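[1] need a structure here:
(4 chains, ligands or ions: 1)
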Amino acid sequence: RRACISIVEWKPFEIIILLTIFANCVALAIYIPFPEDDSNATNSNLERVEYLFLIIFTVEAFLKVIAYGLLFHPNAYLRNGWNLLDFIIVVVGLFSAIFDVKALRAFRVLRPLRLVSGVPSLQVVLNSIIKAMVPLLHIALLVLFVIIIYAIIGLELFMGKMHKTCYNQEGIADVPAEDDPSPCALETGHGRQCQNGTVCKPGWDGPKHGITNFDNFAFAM
Amino acid sequence: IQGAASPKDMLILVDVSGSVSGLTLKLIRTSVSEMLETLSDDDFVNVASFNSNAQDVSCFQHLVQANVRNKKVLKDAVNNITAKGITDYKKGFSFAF
Amino acid sequence: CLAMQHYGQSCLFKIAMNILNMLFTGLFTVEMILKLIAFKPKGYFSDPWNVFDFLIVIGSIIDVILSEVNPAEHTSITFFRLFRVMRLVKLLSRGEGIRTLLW
Amino acid sequence: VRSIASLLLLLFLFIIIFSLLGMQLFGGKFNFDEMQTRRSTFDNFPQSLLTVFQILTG
Ligand SMILES: *[C@@H]1O[C@H](CO)[C@@H](O)[C@H](O)[C@H]1NC(C)=O
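    Residues are numbered from 1 along each chain as shown, chains lettered A, B, ... in the order given. You can find the structure just below:
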């Protein structure tokens, strides 16, 4: 019985499944991600079409797991192949029930990787790229310490000193004076000082949205 | 405006849908307020909105003379709107008509 | 410890970091006393790594001494505070692959 | 040329993979209150590639 399933793999149907990966790949680029829960007419069809691709891949896992053993099939490049199938079924199952339901769909962007796995003429070049990554770990290690050594130093010297920006002196509105806020250090300290008609009060407008300052250690890296 | 055109029966179909979140909504609100500013005190008006369901931004639910006061209510209601849901022109236009 | 501090720090937290800073530099002074007693200083000057330890530990100690005065209240030269972090390079030399690549 | 196409094609998939991922994460979330100066956005796939390639060139 199981022999009947295995002999199917012999038949060159890898072309149709691979074209399904390519066909699906074209089904992801058309998906317009509207801002806030909106969805035009076409997006309604793709989700329906998404079910078909799910079935086509899901049956193959059964075809390729019974034929090649439950334990051995994961022990290959297909580990990600089953990785998509497992979590994609969760996405469709969980969405139909009704949070993080929408965000979980990101795993489907990994299907193109199956495309480079299917063709054996491209698996070699990818391994050529990866095989050259091992020596660069040392450079990565050095860059890791350069980040750490300099980030720690940045904390000590620039310990959240970018939180004083110039404010208008009239007092009608408490907003930064300059249209492009820049950190200021008031008198008694070295740095820039406001013009004739504004003052450097300790608010917070120096960095852009508080993302490019040395306040924390994560901000330092 | 008194001589340019005769009285009107306005009905502004604000499109508060997910696709208009951000700057587009600010432009929509400002334009609607300006439009209500360009209505005399002898023509009627209302402000609907469709987001897969055509509700009304205000408490009126019909045409309300676009008076000095009613304009203020419509302006406040328009200012306090948010983008959400899925656009549905068919239902919105049916509600409007 | 050097990576713990963040803006808007708590006065209690600031003290704790200083306490560890005093403690840790103390251990690195035990490294000094313990190492120098093992073999006399003339051999300590032999290798730069041991030489690089001279300025680091003393730099830490003077900072602790400067901590005795309190220009600020828990309601100025800040150049010797960086010597603590700079000692991390000694860790880098451990890796056989990296040091030869850099050397 | 039989290998340059393979290498360039392999690079193309990587940009596609991250470009598609960018849409799933930042798709339509760049609509901010400020004036719409966010040309380098992630809205639609053909315009997502330009944003991704911009990061690649940095
Ligand atoms: C704005 O409209 C929403 C609609 O639910 C309402 O909850 C909120 O209280 C309104 N705010 C003001 C200031 O009118």
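
[2] Secondary structure class of residue C:25, three-state.
    Following DSSP: H, G, I helix; E, B strand; the rest coil, residue C:25 is assigned to helix.

[3] so who does the most centrally placed residue in chain C touch?
    The structure's chain C has its C-alpha centroid closest to residue C:84; by Cα atoms, centre = their mean the separation is 3.3 Å. Residue C:84 makes contact with C:2, C:21, C:25, C:56, C:59-60, according to Cβ atoms under 8 Å, 6 or more residues apart in numbering or on different chains. In short, each C-beta sits where N, CA and C put it, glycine included.

[4] Leaving out the residues flanking it, which one is nearest to residue A:153?
    Spatial nearest neighbour of residue A:153, excluding adjacent residues (Cβ to Cβ, 6 or more residues apart in numbering or on different chains): residue C:82 at 5.5 Å.

[5] In contact with that neighbour, which residues are there?
    Residue C:82 sits in contact with A:153, A:156-157, where contact means Cβ under 8 Å, 6+ apart.

[6] Confirm that it sits in a strand.
    No - assigned with three-state DSSP, residue C:82 falls outside any strand and is helix.

[7] quick one: which helix or strand includes residue 52?
    In the absence of a named chain, this looks at chain A. Per DSSP states H and E, residue A:52 falls inside helix A:41-68.

[8] Wait, chain C was what I had in mind.
    Using DSSP H and E, residue C:52 maps to helix C:48-66.

[9] For the strand or helix carrying residue A:23, buried residues please.
    Using DSSP H and E, residue A:23 falls within helix A:14-29. Under the neighbour-count criterion of 16 or more other Cβ atoms under 10 Å in any protein chain shown, helix A:14-29 has A:17, A:20-21, A:24-25, A:27-29 buried.

[10] Same list as before, these that is, but in TSV and with distance to chain C included.
    Listed next are those as TSV, based on distance: Cβ to the nearest Cβ, whole Å:
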residue	distance to chain C
A:17	43
A:20	44
A:21	39
A:24	43
A:25	40
A:27	46
A:28	41
A:29	42
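
[11] quick one: which of those is nearest chain D?
    Using Cβ to the nearest Cβ, the shortest approach to chain D within those belongs to residue A:29, at 4.1 Å.

[12] show me what contacts the closest residue to that closest one other than its chain neighbours?
    Closest residue in space to residue A:29, ignoring its immediate chain neighbours: residue D:45 at 4.1 Å, by Cβ to Cβ, 6+ apart. By Cβ under 8 Å, 6+ apart, the contact list for residue D:45 reads A:28-31, D:19-20, D:23.

[13] can you tell me which helix in chain B is longest?
    Identified as the longest helix of chain B according to DSSP state H is helix B:23-37.

[14] From the contact counts, what lies against whatever helix or strand comes next after it?
    Per DSSP H and E, the first helix or strand lying C-terminal to helix B:23-37 is strand B:47-50. Packing contacts for strand B:47-50, counted by 3 or more Cβ pairs under 8 Å, 6 or more residues apart in numbering or on different chains; DSSP states H and E, involve strand B:12-14, strand B:54-56, helix B:68-79, helix B:89-96.

[15] from the chain's centre, how far out does strand B:47-50 sit?
    Its chain's C-alpha centre and that of strand B:47-50 lie 6 Å apart, by Cα atoms, centre = their mean, to the nearest Å.

[16] Okay, buried residues for that strand please.
    Using 16+ other Cβ under 10 Å as the test for burial, strand B:47-50 gives B:47-50.

[17] and the residues you listed, which two are the farthest apart?
    Across these, the longest distance by Cβ to Cβ is 11.6 Å; it joins B:47 and B:50.

[18] Give me the nearest residue to residue B:12, chain neighbours excluded.
    Leaving aside its sequence neighbours, residue B:12 sits nearest to residue B:47 (Cβ to Cβ, 6+ apart; 4.8 Å).

[19] wouldn't that neighbour be in contact with residue B:32 here?
    Yes - contact criterion Cβ atoms under 8 Å: residue B:47 and residue B:32 qualify, at 6.7 Å.

[20] got the residues of chain B near chain A?
    Where chain B comes near chain A, counting by Cβ under 8 Å from any Cβ of the partner chain, the residues are B:17-19, B:21-22, B:83-87.

[21] residue furthest from the geometric center of chain C?
    The centre of chain C is farthest from one residue, residue C:75, which by Cα atoms, centre = their mean lies 27.6 Å away.

[22] quick one: contacts for the residue of chain D found nearest chain A?
    Of all residues in chain D, residue D:27 sits closest to chain A, at 2.6 Å by Cβ to the nearest Cβ. Taking Cβ under 8 Å, 6+ apart, we find residue D:27 in contact with A:33-34, D:42-43.
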